[PDB]
Amino acid sequence: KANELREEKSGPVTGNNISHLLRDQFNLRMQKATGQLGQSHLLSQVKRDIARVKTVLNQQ
RNA sequence: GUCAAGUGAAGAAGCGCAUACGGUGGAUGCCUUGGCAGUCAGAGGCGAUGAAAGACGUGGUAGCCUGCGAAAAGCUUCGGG
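Residues numbered from 1 in each chain as written, not as in the entry; some residues may be left out. Chains lettered and ligands numbered in written order. Part of a larger assembly, values for the part shown. Heavy atoms only, no water.

- Per the deposition metadata, cryo-EM was the technique used to determine this entry, at a resolution of 3.28 Å.

Have a look at this one:
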């Protein structure tokens, strides 16, 4: 959520957090191109989660 | 059981008229998400903080409309339920 992320972590700590779920976005674009992705709810979920951490950085 | 003479109903290839059913065709009837003109109020401007108008892109699958713009049918906050 957003109330979790405003707990301070930092500029760097949340800046490390973005490079984590870009991996999880990458792996879900590889499995979809191949035959093995049933959880289609996961694919439209990390798009709405990268957007949160970019919001809490361009503002504070 | 005979000839001669007189007379002339049927028969329709196909058509005409009337009715009875159909086919084609989309009128009439009834109906409206759309318009049309007024009355009374607003508000009369938008743009170098990048406009009016668009191209391309965005959805778990596929074209087009409606929304948005690599943070892309959304993100954070207050308020109403």
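Examining the protein's contact with RNA strand B
Thought 1: In the vicinity of RNA strand B, 14 residues are found, and the nearest of them are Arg6, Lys32, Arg48, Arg52 and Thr55.
Thought 2: When atoms of RNA strand B within 4 Å of the protein are split into backbone and base, the sugar-phosphate part holds 86%.
Thought 3: The separation between a sugar or linking oxygen of RNA strand B and a polar side-chain atom of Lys32 is 2.6 Å.
Thought 4: A distance of 2.9 Å separates a phosphate oxygen of RNA strand B from a polar side-chain atom of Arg48.
Thought 5: Residue assignment for the surface near RNA strand B shows that the elements contributing at least two residues are α1 (2-6), α3 (40-43) and α4 (47-58).
Thought 6: If one sorts the elements of the surface near RNA strand B by residue count, α4 sits on top with 7 residues.
Thought 7: Here the residues of the surface near RNA strand B are counted per class, giving 3 nonpolar, 5 polar and 6 charged. (Near = heavy atom within 4 Å. Polar contact = N/O pair within 3.5 Å; in protein donor to acceptor, adjacent residues only side chain to side chain. Helix = DSSP H or I, 4+ residues; strand = E, 2+ residues; numbered from the N terminus. Nonpolar A, V, L, I, M, F, W, Y, C, P; charged D, E, K, R; others polar.)

Focus on helix α2 (residues 11-33)
Thought 1: The terminal C-alpha atoms of α2, which comprises 23 residues, lie 34 Å apart, in line with the 33 Å expected from a rise of 1.5 Å per residue.
Thought 2: Here α2 has its buried residues at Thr14, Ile18, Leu21 and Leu28.
Thought 3: Turning to α2, the residues buried within the fold contact α3 and α4.
Thought 4: Looking at where α2 begins, the residue whose side-chain oxygen comes 2.4 Å from the main-chain nitrogen of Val13 is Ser10. (Expected span 1.5 Å × (residues − 1). Buried < 20%, exposed > 50% of the residue type's maximum accessible area, 1.4 Å probe, protein only. Contact = heavy atoms within 4.5 Å.)

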